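Participant: Sending over a structure as structure tokens; questions will come in a sec.
All Cβ positions, even for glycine, are placed from backbone atoms using ideal geometry, and neighbour counts span all protein chains on display. Laboratory data are not the source of any read-out in this text; all were calculated from the coordinates shown.
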Ligand SMILES: [Br-]
Ligand SMILES: [Br-]
Ligand SMILES: [Br-]
Ligand SMILES: [Br-]
Ligand SMILES: [Br-]
Ligand SMILES: [Br-]
Ligand SMILES: [Br-]
Ligand SMILES: [Br-]
Ligand SMILES: [Br-]
Ligand SMILES: [Br-]
């Protein structure tokens, strides 16, 4: 029969600010999430002006990957990871973002991390910006609204490409860059770009300006990496939630088609190297005015990403008249309402590959669920195994049947991490359980869930034994 | 205030074999359609070994565009056509297909037609192969299944490319090349490529072999046109029936996505320049062996088409052919579902996929026409259809930002139908007095849609 490529990149994914902790160790400056309080169901996270002693900030400690990384990596090697995806904490390299020189201690930290990873033959996959820019850049410059932040990010990228030019083969620029396309939401704009759009006179115009600065920063980074070491691959990162039309009503089919542009505009620019006519038309209609410098458009054409990294978790259904979507009655969903749609993965893979004809990378996938530690210490997470297995099956299909070019697969929060929306521990994704809880209890120790040995066998059989 | 481009190519579209007549005049040899009998509802058209006396062949006479072209064109100009789409009858240039020299008479005929068109500032849009290849190539060489036909087709393209290099700006290689992807249907394979696939031991493998030859031929033709006059645009021609997932069931959605590849594989090759991985995978699955020659893949990459010409009439909904009636749309009396939004959808999908200029080379409403006592034909129904479609078309261009060259409604002058070869199913703004029973005098007259469309062009789409 046919199987995945022998060198398929099976691994695991996390983000610095979601696991590391040590938020103020080694000279690291505060990031936008270090002033983001923990939340819960019905209780949103709060942005504070500074770190308030009375408040709870879950990213400060997270799961202490900063201290446990050597041992955690030994666990990754036990599962047999071919690669590991995390981010380089921007604030560990430029604590404020505008320093004349980088923070040496930060650079050493990641030298050590990548060394361990390579010791076990684990290829680092690094996201340059993953919801954790320096607070100072937001407070002093107005964040990505300011062209200067472009320069700051490029300096950051330049320093790290060179430092780890022989240690890191795979890069991505801006994590889930399209989350913020939803500009009414309280935290997509903030975590993406340190900008809350509804707090501006022209929220949408402000959005497109930030996007432009980031597209240009991404393109400038690609070129930088090419000059430093053209063997390295730098991809974009798209949060891929496919939108099904609820029915075969032409209005529904057409609404979904136009709505998918909220995703595609980002890859269109980052992969094709220019603003697609459909977005330029919108700017006209809305009378937006996006400040560009001479050369920007050239920069975009010359610095398109090399591969399409994306996260997949779920699918949505949309109606032309109604809502801003509606639950798909043909699929089940997690305890947090995230729809379970493995076929949607094959759909996303086929759609993305047919549109761009460039290599794809599934850099996020996983099932957020509660875990119960049994009397004997085991954690039976068959619910998570069922999810991942169904997705891997569909993923395999898109590769061996549909002919999609797929680089690899890295399930999200491969070790339990602080959640994004609520900053809780209780919503778990990991193969490795971390003893840390919402009320602050726990000793931070690790233990293997049932999904641990299962995913081990997955990689050993190159995805043939599920 | 936004509108279509000032130079939008409004026009009309027909096919040589469906309008011309004079099937054996001017040295013209018999085509595959010259042996295709007329039919009707529940009575399939028949292919005969040769021209049989007691048999009816609608394409022999058609509507006599051969004799009426000058006067017909005058009617085109009256509506104010910016362009006119037709095909060059392969058999008027190479009557049997394998002649070393072209038929001068055939060439002069199109010099005359093109001269008339250009007399009225009408830009010819010429389809090289439109369901009318030389019978002889089919009988003697086994048609497109034979590699020799590639060179025959290219010889043909080269002759006409050179002859009209200062008269024709817009070409297309193969008309609705994807119709034959439905290898079971009795006519698509035969009309597209003179091959009935079910009559072969490996229908599908035979099909992909035919397609490879035509993909190469198309590319070779594009390369040939570039050398002759790089200002000429050579496009492809896809029959576009969007497939909607019946419901948001992931299985319907996925099924629809994969099914659309039956369209996209053709434009993928002709526009992107190579065989998409998904079809190459199907071949390995099925064990097919498509015979290729060194440089073929090079040819495909070098001779991609400039623009995507396509036809649109309808959409289908699919459930995991797998079709099911779409409960949200109406249909013509011939079952063709009416879905103007589908056009906009087709334009956006095609454009977002290839980012190449599009060209709506066919769109129409086939229906009965009644002549009123005073000679007038009230075809409100046809106008209704055309208007709804033009409106969504305008949205795709001015709202969505699709790059669109023009728009030429099908059978702009009444023509012989494809499926049945009848006159009764009319598409035109111009009525032709000729009927299924053979009665009529071939005279032309204007339908209500004549002046309506006349105003569409004058207002560049702003007065509908
Ligand atoms: Br505060
Ligand atoms: Br400094
Ligand atoms: Br907990
Ligand atoms: Br013969
Ligand atoms: Br048929
Ligand atoms: Br077969
Ligand atoms: Br080759
Ligand atoms: Br189909
Ligand atoms: Br509009
Ligand atoms: Br009739």
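Participant: At 7 Å along the Cα-to-beta-carbon direction for both residue B:381 and residue B:227, put a label point, then send me their distance in nm to one decimal.
Facilitator: 5.1 nm
Participant: Take peptide A:236-245, look around each residue's Cβ out to 10 angstrom, count Cβ atoms belonging to other protein chains, and average those counts.
Facilitator: 2
Participant: Rg to Rh for the protein assembly as shown: what is it, with Cα atoms only and Rh by Kirkwood?
Facilitator: Here Rg/Rh amounts to 1.03.
Participant: What is segment A:305-400 by shape, rounded, prolate or oblate, if you read a ≥ b ≥ c off the alpha carbon gyration tensor as root eigenvalues and call it rounded for a/c under 1.5, prolate for a/b larger than b/c, and oblate otherwise?
Facilitator: Oblate shape, in that a/c is at least 1.5 and b/c is the bigger or equal ratio.
Participant: Evaluate peptide A:252-265: per residue, the Cβ atoms of other protein chains within 10 Å of its Cβ; return the mean as an integer.
Facilitator: What the average comes to for A:252-265 is 4.
Participant: Right, here's the next one. Which value, in Å³ per residue, describes the convex hull spanned by the Cα atoms of segment B:407-456?
Facilitator: Per-residue hull volume (Cα only) is 67 Å³.
Participant: Just how far, in whole angstrom, is segment A:103-182 from segment B:64-120 if you go by their alpha carbon centroids?
Facilitator: 65 Å
Participant: Kindly provide the pair-distance distribution of chain A built from C-alpha pairs, with 10 Å bins from 0 and whole-percent values in order of increasing distance.
Facilitator: 4, 21, 33, 29, 12, 2, 0
Participant: Arrange A:23, A:336, A:454 by Cβ neighbour counts within 10 Å, fewest through most, would you?
Facilitator: Ordered by Cβ neighbours within 10 Å, fewest first: A:336, A:454, A:23.
Participant: Over what distance in Å are the Cα centres of segment A:353-375 and segment B:287-315 separated?
Facilitator: About 36 Å separates the Cα centre of segment A:353-375 from the one of segment B:287-315.
Participant: Roughly speaking, what % of Cα-Cα pairs in segment B:143-205 are separated by over 19 Å, rounded to a whole number?
Facilitator: For segment B:143-205, the share of Cα pairs beyond 19 Å comes to 43 percent.
Participant: Related question: Once you wrap a convex hull around the alpha carbon atoms of segment A:100-184, what is its projected area averaged over all directions, in nm²?
Facilitator: The Cα convex hull of segment A:100-184, projected and averaged over all directions, gives 6.7 nm².
Participant: In square nanometres, what is one fourth of the surface area of the convex hull spanned by the alpha carbons of segment B:1-157?
Facilitator: Mean projected area of the Cα convex hull: 12.2 nm².
Participant: What is the diffusion coefficient of segment A:187-337 in µm²/s, taking the Kirkwood radius over Cα pairs and the Stokes-Einstein relation at 4 °C with a viscosity of 1.567 mPa s?
Facilitator: Answer, rounded: 74 µm²/s.
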